[PDB]
file upload_16.tsv (TSV, C-alpha atoms)
chain	number	residue	atom	x	y	z
A	1	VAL	CA	145.00	63.99	133.00
A	2	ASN	CA	147.73	66.60	133.52
A	3	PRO	CA	150.19	66.48	130.60
A	4	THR	CA	153.81	65.39	131.06
A	5	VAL	CA	156.62	66.86	128.95
A	6	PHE	CA	160.35	66.17	128.77
A	7	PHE	CA	163.54	68.03	127.98
A	8	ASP	CA	166.67	66.15	126.93
A	9	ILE	CA	169.55	68.36	128.14
A	10	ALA	CA	173.03	68.70	126.60
A	11	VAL	CA	176.14	70.49	127.86
A	12	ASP	CA	178.44	71.77	125.12
A	13	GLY	CA	176.67	69.32	122.85
A	14	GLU	CA	177.26	66.28	125.09
A	15	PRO	CA	174.18	64.45	126.45
A	16	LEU	CA	173.53	65.11	130.14
A	17	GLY	CA	170.08	63.68	130.82
A	18	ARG	CA	166.29	64.01	130.77
A	19	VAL	CA	164.09	66.24	132.95
A	20	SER	CA	160.35	65.61	132.94
A	21	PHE	CA	157.61	67.97	134.16
A	22	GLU	CA	153.99	67.65	135.23
A	23	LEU	CA	152.04	70.60	133.81
A	24	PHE	CA	149.06	71.81	135.86
A	25	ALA	CA	146.47	72.22	133.09
A	26	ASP	CA	143.77	71.54	135.67
A	27	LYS	CA	144.69	74.77	137.51
A	28	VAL	CA	146.39	76.90	134.85
A	29	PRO	CA	145.21	75.54	131.48
A	30	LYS	CA	146.23	78.44	129.22
A	31	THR	CA	149.72	78.61	130.77
A	32	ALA	CA	150.19	74.84	130.74
A	33	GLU	CA	149.02	74.61	127.11
A	34	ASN	CA	151.52	77.26	125.94
A	35	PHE	CA	154.44	75.34	127.45
A	36	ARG	CA	153.20	71.94	126.23
A	37	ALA	CA	152.74	73.21	122.66
A	38	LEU	CA	156.16	74.90	122.68
A	39	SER	CA	157.62	71.62	123.94
A	40	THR	CA	156.14	69.50	121.14
A	41	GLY	CA	156.84	72.15	118.50
A	42	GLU	CA	153.41	71.56	116.94
A	43	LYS	CA	152.93	75.24	116.05
A	44	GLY	CA	156.12	75.29	113.98
A	45	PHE	CA	158.27	76.84	116.71
A	46	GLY	CA	159.26	76.02	120.29
A	47	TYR	CA	161.92	74.95	122.75
A	48	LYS	CA	163.84	72.35	120.75
A	49	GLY	CA	167.42	73.57	120.26
A	50	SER	CA	167.10	76.51	122.63
A	51	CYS	CA	169.39	77.19	125.58
A	52	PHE	CA	169.28	78.00	129.28
A	53	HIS	CA	170.80	81.45	129.17
A	54	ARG	CA	170.67	82.40	132.85
A	55	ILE	CA	171.60	80.03	135.65
A	56	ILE	CA	172.22	81.18	139.21
A	57	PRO	CA	173.17	78.39	141.61
A	58	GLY	CA	170.88	78.00	144.60
A	59	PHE	CA	168.16	80.03	142.85
A	60	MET	CA	166.98	79.03	139.44
A	61	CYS	CA	167.70	77.96	135.88
A	62	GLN	CA	166.03	80.15	133.22
A	63	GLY	CA	165.36	79.26	129.59
A	64	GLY	CA	162.75	79.49	126.86
A	65	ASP	CA	164.16	82.36	124.78
A	66	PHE	CA	164.17	80.40	121.51
A	67	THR	CA	164.24	83.56	119.40
A	68	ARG	CA	167.12	85.69	120.80
A	69	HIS	CA	168.87	83.14	123.05
A	70	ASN	CA	169.71	85.69	125.76
A	71	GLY	CA	166.55	86.65	127.66
A	72	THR	CA	165.37	89.41	125.34
A	73	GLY	CA	163.17	87.21	123.14
A	74	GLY	CA	160.68	84.38	122.95
A	75	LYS	CA	157.00	84.30	122.07
A	76	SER	CA	153.87	82.52	123.24
A	77	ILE	CA	151.64	80.43	121.01
A	78	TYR	CA	148.93	83.06	121.19
A	79	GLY	CA	150.27	85.74	118.87
A	80	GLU	CA	151.01	88.30	121.58
A	81	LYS	CA	152.29	88.20	125.18
A	82	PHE	CA	149.58	86.78	127.50
A	83	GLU	CA	147.97	87.53	130.85
A	84	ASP	CA	148.93	86.15	134.24
A	85	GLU	CA	146.37	83.35	134.41
A	86	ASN	CA	146.26	83.11	138.19
A	87	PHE	CA	148.59	82.90	141.17
A	88	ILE	CA	146.96	79.88	142.84
A	89	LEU	CA	150.20	77.90	142.93
A	90	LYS	CA	153.15	79.16	144.98
A	91	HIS	CA	156.93	78.93	144.71
A	92	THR	CA	157.30	76.27	147.40
A	93	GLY	CA	160.71	74.76	146.66
A	94	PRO	CA	163.08	73.07	144.18
A	95	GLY	CA	161.49	71.79	140.98
A	96	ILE	CA	158.78	74.42	140.69
A	97	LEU	CA	158.28	75.48	137.05
A	98	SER	CA	157.26	79.12	136.62
A	99	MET	CA	156.84	81.83	133.98
A	100	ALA	CA	159.46	84.49	133.53
A	101	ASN	CA	158.05	87.86	132.52
A	102	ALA	CA	158.55	91.60	132.09
A	103	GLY	CA	155.93	92.73	134.57
A	104	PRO	CA	152.18	92.15	134.88
A	105	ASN	CA	150.56	90.33	131.97
A	106	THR	CA	153.64	89.89	129.77
A	107	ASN	CA	154.02	86.09	129.50
A	108	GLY	CA	155.80	84.83	126.37
A	109	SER	CA	157.84	81.61	126.27
A	110	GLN	CA	160.52	82.16	128.92
A	111	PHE	CA	160.38	80.08	132.08
A	112	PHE	CA	162.47	79.10	135.06
A	113	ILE	CA	163.01	76.00	137.15
A	114	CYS	CA	163.52	76.83	140.82
A	115	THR	CA	166.30	75.08	142.72
A	116	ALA	CA	165.19	76.45	146.08
A	117	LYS	CA	162.11	77.97	147.70
A	118	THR	CA	161.56	81.40	146.15
A	119	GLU	CA	158.46	82.78	147.91
A	120	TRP	CA	159.30	86.39	147.01
A	121	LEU	CA	158.14	85.51	143.49
A	122	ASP	CA	154.63	84.57	144.64
A	123	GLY	CA	152.03	86.75	142.99
A	124	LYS	CA	154.50	88.00	140.37
A	125	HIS	CA	155.22	84.85	138.35
A	126	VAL	CA	152.67	82.19	137.33
A	127	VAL	CA	153.63	78.72	138.61
A	128	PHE	CA	152.31	76.09	136.23
A	129	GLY	CA	154.31	72.92	136.65
A	130	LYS	CA	156.81	70.91	138.63
A	131	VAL	CA	159.70	68.61	137.77
A	132	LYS	CA	158.46	65.02	138.01
A	133	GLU	CA	161.67	63.16	137.23
A	134	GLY	CA	165.28	64.22	136.64
A	135	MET	CA	165.66	66.88	139.34
A	136	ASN	CA	169.21	65.53	139.52
A	137	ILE	CA	169.74	66.67	135.92
A	138	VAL	CA	168.61	70.19	136.88
A	139	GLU	CA	171.11	70.00	139.75
A	140	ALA	CA	173.90	69.05	137.34
A	141	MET	CA	172.90	71.94	135.04
A	142	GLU	CA	172.92	74.38	137.93
A	143	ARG	CA	176.63	73.79	138.51
A	144	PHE	CA	177.40	75.45	135.19
A	145	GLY	CA	175.85	78.74	136.21
A	146	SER	CA	177.42	81.56	138.18
A	147	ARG	CA	176.70	84.46	140.52
A	148	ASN	CA	175.70	86.81	137.68
A	149	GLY	CA	173.82	84.11	135.76
A	150	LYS	CA	176.23	83.59	132.88
A	151	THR	CA	176.81	79.91	132.07
A	152	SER	CA	180.32	78.45	131.73
A	153	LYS	CA	179.17	75.89	129.20
A	154	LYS	CA	176.34	75.89	126.66
A	155	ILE	CA	173.23	74.33	128.20
A	156	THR	CA	170.78	73.15	125.53
A	157	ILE	CA	167.43	71.49	125.08
A	158	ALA	CA	168.67	68.89	122.60
A	159	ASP	CA	165.20	67.36	122.28
A	160	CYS	CA	161.82	67.82	123.87
A	161	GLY	CA	158.26	66.64	123.60
A	162	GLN	CA	155.27	65.10	125.31
A	163	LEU	CA	155.31	61.82	127.24
A	164	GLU	CA	152.40	59.46	127.93
call {"tool": "encode", "arguments": {"input": "upload_16.tsv", "output": "C-alpha cells"}}
result
Amino acid sequence: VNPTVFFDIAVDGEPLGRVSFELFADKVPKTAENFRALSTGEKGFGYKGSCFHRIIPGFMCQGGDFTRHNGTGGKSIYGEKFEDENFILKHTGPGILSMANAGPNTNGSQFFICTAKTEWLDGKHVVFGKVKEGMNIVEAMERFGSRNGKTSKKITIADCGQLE
C-alpha cells in the first residue's frame, strides 16, 4: 500500500537513469504525502525540472528546492512549513530518504538521499522513504559532487511521478 515514486535523472541535460523510492505513508503519512504530491506535480508545483544543488560524496545528495534552486527555497503542499511528524525511522544507511530542514518543525520540500549511515541526523530529520531501485544512479550522481557540496555538472530531475 506504500506509494512508489520515481525520478528520472539527467546530468547536464543528458539522461543518466531512474531512481525509485518507497514512501512510508504507513508510518509518516503527512510527510510521505507531501513528497508524493510534489513528485506527481498534482498541486501545480513540484520536483519536475528541479536540481540537486548540494552533493557531498560519501554523505548525501540534497535536492527539492524547486523555487530558488540553491537550498534557500522550496515549499510544502500545505501552505506553510510543516511539523516533524515523528522520528520513528532512523538514518540506517545508503538509500534512506529524509527531510532537510531549518530546525525543529520547518519542513518544506527539500530532501536528501543518504549514501552512507548518518545516525547523527536521527531525531533531527524525518526519515520517510528509501530508494527501492536505482541506488546505482544515486551513486553515479554522487560522483559529481564535491567536498563543499557544489556540483561539477547540473544534476536535474528531468521527469518524475508515481509508479504502480
call {"tool": "closest_atom_pairs", "arguments": {"input": "upload_16.tsv", "of": "region 21-84 of chain A", "to": "region 141-149 of chain A", "cutoff": "8 Å", "atoms": "all atoms listed in the file", "output": "JSON lines"}}
result
{"residue": "A:53", "atom": "CA", "partner": "A:149", "partner_atom": "CA", "distance": 7.7}
{"residue": "A:54", "atom": "CA", "partner": "A:149", "partner_atom": "CA", "distance": 4.6}
{"residue": "A:55", "atom": "CA", "partner": "A:145", "partner_atom": "CA", "distance": 4.5}
{"residue": "A:56", "atom": "CA", "partner": "A:149", "partner_atom": "CA", "distance": 4.8}
{"residue": "A:57", "atom": "CA", "partner": "A:142", "partner_atom": "CA", "distance": 5.4}
{"residue": "A:58", "atom": "CA", "partner": "A:142", "partner_atom": "CA", "distance": 7.9}
{"residue": "A:60", "atom": "CA", "partner": "A:142", "partner_atom": "CA", "distance": 7.7}
{"residue": "A:61", "atom": "CA", "partner": "A:142", "partner_atom": "CA", "distance": 6.7}
call {"tool": "write_last_selection", "arguments": {"input": "upload_16.tsv", "atoms": "C-alpha atoms", "output": "tab-separated table (two decimals), in the coordinates of the input"}}
result
chain	number	residue	atom	x	y	z
A	53	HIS	CA	170.80	81.45	129.17
A	54	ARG	CA	170.67	82.40	132.85
A	55	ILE	CA	171.60	80.03	135.65
A	56	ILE	CA	172.22	81.18	139.21
A	57	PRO	CA	173.17	78.39	141.61
A	58	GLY	CA	170.88	78.00	144.60
A	60	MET	CA	166.98	79.03	139.44
A	61	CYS	CA	167.70	77.96	135.88
call {"tool": "atom_distance", "arguments": {"input": "upload_16.tsv", "atom1": "CA of residue 31 (chain A)", "atom2": "CA of residue 108 (chain A)"}}
result
9.7 Å
call {"tool": "closest_residue", "arguments": {"input": "upload_16.tsv", "among": "A:86, A:110, A:118, A:136", "to": "residue 38 (chain A)", "atoms": "only C-alpha atoms"}}
result
A:110
call {"tool": "residues_near_point", "arguments": {"input": "upload_16.tsv", "point": "(172.9, 85.7, 124.8)", "cutoff": "12 Å", "atoms": "all atoms listed in the file", "output": "NGL selection string"}}
result
:A and (50-54 or 63 or 65-73 or 149-151 or 154-155)
call {"tool": "residues_around", "arguments": {"input": "upload_16.tsv", "residues": "residue 40 (chain A)", "least_positions_apart": "6", "cutoff": "10 Å", "atoms": "all atoms listed in the file", "output": "ChimeraX atom specification"}}
result
/A:5-6,46-48,159-163
call {"tool": "atom_distance", "arguments": {"input": "upload_16.tsv", "atom1": "CA of residue 25 (chain A)", "atom2": "CA of residue 117 (chain A)"}}
result
22.2 Å
call {"tool": "residues_around", "arguments": {"input": "upload_16.tsv", "residues": "residue 14 (chain A)", "least_positions_apart": "4", "cutoff": "12 Å", "atoms": "all atoms listed in the file", "output": "PyMOL selection string"}}
result
chain A and resi 8-10+153-158
call {"tool": "atom_distance", "arguments": {"input": "upload_16.tsv", "atom1": "CA of residue 129 (chain A)", "atom2": "CA of residue 59 (chain A)"}}
result
16.8 Å
call {"tool": "closest_residue", "arguments": {"input": "upload_16.tsv", "among": "A:23, A:126, A:138, A:77", "to": "residue 1 (chain A)", "atoms": "all atoms listed in the file"}}
result
A:23
call {"tool": "closest_residue", "arguments": {"input": "upload_16.tsv", "among": "A:74, A:95, A:104, A:41", "to": "residue 134 (chain A)", "atoms": "all atoms listed in the file"}}
result
A:95
call {"tool": "closest_residue", "arguments": {"input": "upload_16.tsv", "among": "A:101, A:20, A:92, A:39", "to": "residue 62 (chain A)", "atoms": "all atoms listed in the file"}}
result
A:101
call {"tool": "closest_residue", "arguments": {"input": "upload_16.tsv", "among": "A:49, A:112, A:64, A:33", "to": "residue 78 (chain A)", "atoms": "all atoms listed in the file"}}
result
A:33
call {"tool": "closest_residue", "arguments": {"input": "upload_16.tsv", "among": "A:3, A:130, A:103, A:109", "to": "residue 90 (chain A)", "atoms": "only C-alpha atoms"}}
result
A:130
call {"tool": "residues_around", "arguments": {"input": "upload_16.tsv", "residues": "residue 133 (chain A)", "least_positions_apart": "5", "cutoff": "9 Å", "atoms": "only C-alpha atoms", "output": "PDB file with C-alpha atoms, keeping the file's coordinate frame"}}
result
ATOM      1  CA  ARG A  18     166.290  64.010 130.770  1.00  0.00           C
ATOM      2  CA  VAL A  19     164.090  66.240 132.950  1.00  0.00           C
ATOM      3  CA  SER A  20     160.350  65.610 132.940  1.00  0.00           C
ATOM      4  CA  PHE A  21     157.610  67.970 134.160  1.00  0.00           C
TER       5      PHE A  21
END
